[PDB]
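Reviewing the structure listed below.
Residue numbering begins at 1 within each chain, and the chains themselves are lettered A, B, C, D, E, F, G, H and I in the order written.
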C-alpha cells in the first residue's frame, strides 16, 4: 500500500489501544477496541493473497463477536448499577460476559483456535504486530477490573491455555504456528497471576513482548517461515542462528536467562497465596514449550543441515534493510535476570 | 494499564458522562439522582473495599430506586391478595378505584 | 371520526393519481403539437376509469416460478408507504401531528427501496436484477443529498415539525432564503422518483404505477410546504388548502414539463452528477446554513 | 428487572447462538452479529430512557454508527472471499488450520 | 393508537386492492398455457452506508443550536462536515467514484 | 453573467435580512410564552403535590382494608432504608385503579398525535 | 390493560430473532431481521424514544439492511417502572442527544476519525491486486 | 424499614381554582405580577424542603391568592377578560400574537380598575429573593454520618531497610 | 500572486462547482469568527428561560437580587427588544 496510508493505519491502531488505556468510561473503551479492530484489518491484508483474506475474515469474526459480548457486559452492568466508570463490575453475570469477551480478544483457551490460523495466514511483520501490540488493551482492561474476576474461571482458562499451547506446539513444523502456540501459553501464564498481582502480569507481558520481538525480527532477518527454511541459515548467517538459539533457550524459561524471571516471580507470588498445586502443574506443562523450542534449536544451530548449490550466490549479498532495535531486544531478552528487583518500578 | 492522562492534565475527556448526578444539560434531574449522590458522598476517598462493606445501605437504596424490585414485589402482593378477596367476594373496590370519583386539577 | 378522516385522506389521493395520469398525457400531447386523450369521456375524463377497468380485468402474468411471497409483498409495501407519507403533511392541519414529522417522512422514503429490491430479485432474470440494482443505487445515492439538504433547510425552521414550516414562512418564502438548495432538492426529488431525465428503468403493475404517482404528488406537496410557504389564517384554513394545492399542482406540471423537455442521462453520468456536483455544493451550503443563524443572530426559537 | 429486559436479553442470546452455529452462508453470520447489535441498541435505549440519564442519550446513536461501520468492513471481507471462490460458504475457509 | 390504526388501514387497503386485482381476472378461464458481480455497485452501496452514518450525527444539529456554547457547537459541526468532505475527497482522488 | 450572479446574491441577502427580523421576533414571542408558563408554574406544582398525596393516601387506606388477613404484612411500610421522601413510582399511584386511566397516565402523551 | 402491548412486542421481537437465527435462505433471514428491527423500533417509540426509534428505523433499516440486501442480491409487567413528573417545554431525549456537540466533543472527534479511517480501510481492502 | 407518613384527606382539602388553561394563560402575566410573594414562598420552600408533605400550607396560600386575583378580575372587568380568553382558547397553540387587540383592551381595563401594569419581557424569569421566617433545613437529604476517612499517614522518607530484600539481592 | 491568479482563473473555468463549494465552505468557516452578532446570539440563547427561576432565601446581604420582578435591579431585556 501507500506508505502514508500504512503509517496512518498503524497510528490508528496505536491510538485505539491508547484510547482503551487512558479512558475511564466503558463506552470510550469499547470505542477504542472498535478503532483498533477497524484499523487492524488492512495491516493483516497488506500483502494480498487468499490466505491473508481468510486470516483477516476469521480475525474480524472473532473480534467482532468479542466486542458485541463486551458491550452486552457493559449494558448489563449499567442496568444493575447506573455506572459507566471502569471499576469493579457489581454484577456476577456481567463479569463473566466481560471475562469471556476479553479472553476471546486475548486468545486464551478455549477461545484459542483463531490465533494459530490467523498467525499462519498473515505475514511475519503482521504476526509480530498481532502477537505483541494486540495484547496490551485487553490485559490493561483485565488489570483494571482484576478485583472483580472470579479466580476459578480465570485460573481455569489460564491452565487450559498453558496446556493447549504446550501440546499444540509439539505438532508444528511452521514457525508462525509455533509462535502462536507459544503466545497462547504465555497468555496463560500472564492471566494466572491477575487475581493476585497485576504487577507480575505486567512484568510477564514486558518480558514476553521483548522475547517475541527478538524472535520475530530474527525470523524476518533470516527470511524463513518453516523449519527446513530456517535450517539453511547457518550456511549464510551462523551468528543469527546462534542468537536465535540463545533467544529460544531464554523463551523456554532456563536460568540464568531473562525468560526465567516471570515464571519464577509468578510462582513465588502464587506461593504467598497458599497456591502450590497450580504453579507446579504450570511449570511441568511449560516443559513442553521447552521441548519444542529445543527441537527448533537442534534443527537450526546445534546441527548443520544439508544446503543447496544456489546458496553460494546468496553468499555475495548483504541485507539492505536493518532493524535498529534487534540487538537491544536480544540483550534485553537474554541478560536482564540480575536486574530483577527493578520490577518494583511497577512497570 | 490505566494511564490517568485526564487527571494529570485536567482534561475531563469523558468524566462528564460517567454518573447520573453530573451536570446534565438544562439541569434535568435523573430519576435516581438523589440516591446516587448519597452513595457517592458516602464512598468518596474511602476506597473500594471499605466502600463495598460500609456504604451498603446507600447502594442498596440506589439499586432499589434503579430497578424497583421490592416495590414490584409489594405491589404484586397487594394486587394478588385483592384478586383473591374479590374472587371470594368479601371485598369491594371503592368508587375511586372504579373511575367514579370526582377528579381534581 | 378518525377513520372517516383516514378515508378522506386516502381515497382522494388515489383519485388524484388516476386523473394525474390523464393530466400528464394531455399536457405532453399539447406540448407535442397534438391532443391528448379526448375521446373516452367528454374531455378525456373517463380515460383513467377505462384504463383501471382494463388493467383489473386483464390476465396477470405471474412468472410461474418466481417467489410468490415477495411478488405479492412488493406492491403492498409500495402502496402502503406511498399512502403513509401523506399522514405527516400539514394541509394546514395534519391528520397525525408528529414532533419529528420530517424524520418520519425521510424514514419512509428510505424504506421505499425495498419494493424495488424485492421486485427485481423475484423476477428470476439476470437483466431485471441488474436494472433493479441500478435503481437501488441511484435511489440511495440521491436520498443522501435529500437528507443533507433537508437538514440544512430545517436549520432555519427550528425543529422537525412540519407545521412550524408554516410559521417560519409567514412573511417570506424559504425559496428566497435558499434557492440553490431548493434547486438541488428539486433535482434530487426528480431522481428519487425516477422521473425523466432520470428514468433509466396487470394488477400489481398498476399498483406500482399508483405508488409511483402518489410519491410524485407527495414529493411535490412536500416541496411546496418546504419552500413556498402559504399564508394561514386560523379562522379560514380553506385559503391555505387552496393555495397549497395550487402550488403542488404547479410543481407536478413542472415535472411533466421537464419530462417533455429533455433527453435522459446515462447511469454513470447521473452518478457523476450527484457524487461530484451536488454533494460538494450540498456540504458547502450545509456549512453555510449552520454558520448563518449564528453569524446573524437569527436562530429559530424552538429547542 | 421486568419481562421486557429479559425478552431483549434472550433475543441477544438467540442471535449469539445463531451466530455460533454456522450452518453455512457467512452472510448469515453477519446477519446474526447485526441482530445482536440491534438488541443491544434496544436494551441500552430502554435503560437510558427509563432512568432519565440525559447525557447517555448520545451513546445508542454512537453505538449504531460504530457497529454499522463494522458491518461495512465485514461485507467487504465477505465480498472479497466470494471473489476467490464464487460463493460465501463457510466451509471454503479451511486453508488455514490448527 | 392513531398512528397504528392509520398504518393498519393503509396496509389493509393495499392488501385488499392487490388481492382483488390478482383474483378478478382469475375467475374467468383463459388459455393458461449471472456470475459477473461488478465491484463498483458494492462500492457505491458502501459509500452510501458510510455517508449515512455521518448523516445520523448531524441529525441533532437543529437542536444543537441552543446550547449557550455556540462556539464549541459550531466548531464541532464544522469539524464533522469537514471530515465528511475529506472522506468524499479521498474517495474521489483514489478513483473510488468512477465507472 | 455578472448580472445573474448579482441577482442571486441580492435575493439571498434580502431573504437573510427578512428571516433575521422574523426569527428575532419569534425568539421574543417564545420568551413571552416561557414567562407565562413560569408565572403559572407554582399553582400547578401545588396541585400536583396535593393530587399525588391524595392518591397515595387512598392507596394506603385500601391497603389497610385489604391486608388485614396477611400475618407478616405492615401497612404502609417503605422499601427504602432512608427516611427521605422518594418520588412515587407510576405503579404506586395507579396500581389499584381502573385500566382506562392506567393506560391514560401511561401512554396518553405518547399516543396523542 | 391492552394485554401488555410492550410484552407482546418483545415476544414478536424474540420470535423474529428465532426466525432469522435459523438462517434459512439469507434473503429470508434478512427479511426476518427487517421485521425484528421494525418491531424493536415500535418498542422504542412506544416507550417514548421518538428520535432514537426513528434513528433505528431510518439509519438501521433504510441504510444498512438495505446494503445487506443489495450485497446478498448481487451474490447467488410494563407501565409500572415509569415516571411521575413531566419534562418542561422540551423533550429530554432531544436535549441529551443534542448535548453531544456541547458536552461530547471527545466523542465527536473519535467517531469522526473512526469513520474517515473506515472509508480509507474499505477502499484499501476492496482495492484488490 | 419504617412507615411512610402521609397527610390525611382533610389536610389536602382546599378551595380549588376551577378555571381552564386558556383563562390561566390569558391572566398569567398579571397573575405573576400580583400574586408573586406567596408563589415564591411556596417554591423556595419546595426546593428547600424537597418534600411535598412539608409545603402544604404554602400551597393553600397560593390557591387562596389566585382565588383572590380571579375575584378581583371578576368584580371589575369580567367582559374584557372573557373576550380576551375566548381568543386564546380558540387557537390550538394558544399563541399570544393571534389576539393582540383583545389583550390590549384587557390591559387598559385592569390598569384603570386596579392600576395593574403588565410585566415587561425578561422580568418574570428573574431570580428574586424571598423574606421568609421558616428555618433552613439542616439535613434535607436525611443523610447518615459519613464514614471515617483513611488514616492519611505522613512522615519523612528513609531508604528501605537492607534494600529490596528480594531473595539473594543485597541492594 | 500571478501563479495563484492563473490557477484560480483556470479552475473557475471547467470546474465552477468545486470553486463555488470551496469558497462557500471557506466563508462558512471564517466569517463567524468576525461577526459581531455571534455574542448577540449567545446572549439570546442565555435569555431563554426553560426552567423555573428558583428564588434565593433572603439573608439581608443581597442588594443586587430583586425582591419583585418589577424592581429595577436584575437583568433586563431592552437590548433584545431593540433588536
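Throughout what follows, a contact is a pair of C-beta atoms (placed from the backbone, for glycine too) under 8 Å apart; a residue touches a chain by one contact, two chains touch by 3 or more.
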| item | value |
| --- | --- |
| Chain pair, C-H or C-F, that carries the greater number of C-beta contacts | C-F |
| Innermost chain, taking as reference the mean of every protein Cα atom displayed | G |
| Whole-Å gap separating chain C and chain D, where each centre is the average of the chain's CA atoms | 34 |
| Chain centre separation (chain A, chain H; CA means) in Å | 61 |
| Length of the line joining the C-alpha centres of chain D and chain E, rounded to whole Å | 20 |
| Centre-of-Cα separation between chain D and chain A, whole angstrom | 27 |
| Multi-partner residues of chain D (at least 2 other chains) | 1-2, 50-56, 58-59, 61-62, 64-66, 68-69, 71-73, 75-80, 82-83 |
| Interface hub residues of chain A, defined as touching at least two other chains | 27-28, 31, 34, 38, 41, 79, 82, 84 |
| Residues of chain I engaged with two or more neighbouring chains | 25, 28-29, 32, 38, 41, 44-45, 47-53, 77, 80-81, 83 |
| Chain C to chain F touching residues, read off their complex | 96-98, 156, 158, 167-168, 170-172, 176-179, 292-293, 296-302 |
| Residue numbers on chain C that touch chain H, as the complex places them | 234-235 |
| Parts of chain D lying in touch with chain B, wherever the complex brings them together | 1-2, 50-56, 58-59 |
| Residues of chain G touching chain F in the complex | 1-2, 45-46, 48, 79-85, 89 |
| In the complex with chain G, residue positions of chain F that touch it | 33-34, 37, 48, 52, 87-91, 93, 99, 102-103, 106-107, 110 |
